[PDB]
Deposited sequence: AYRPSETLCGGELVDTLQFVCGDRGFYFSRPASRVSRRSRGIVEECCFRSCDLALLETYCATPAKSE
């Protein structure tokens, strides 16, 4: 992998999370958006797994 931004990003997040699904709880404070990791700088499938619920 290198960088992902559009439909590719949500599709590979769904693929890696699968049925466990996504985490959410509104902050409030933030580090940086998922795009500033996986699109602009460098993506990692070890990080995409951390937006999943588990």
Open item on the list: What are the C-alpha gaps when you align the coordinates back onto the deposited sequence?
Closed with: 1-4, 33-36, 63-67
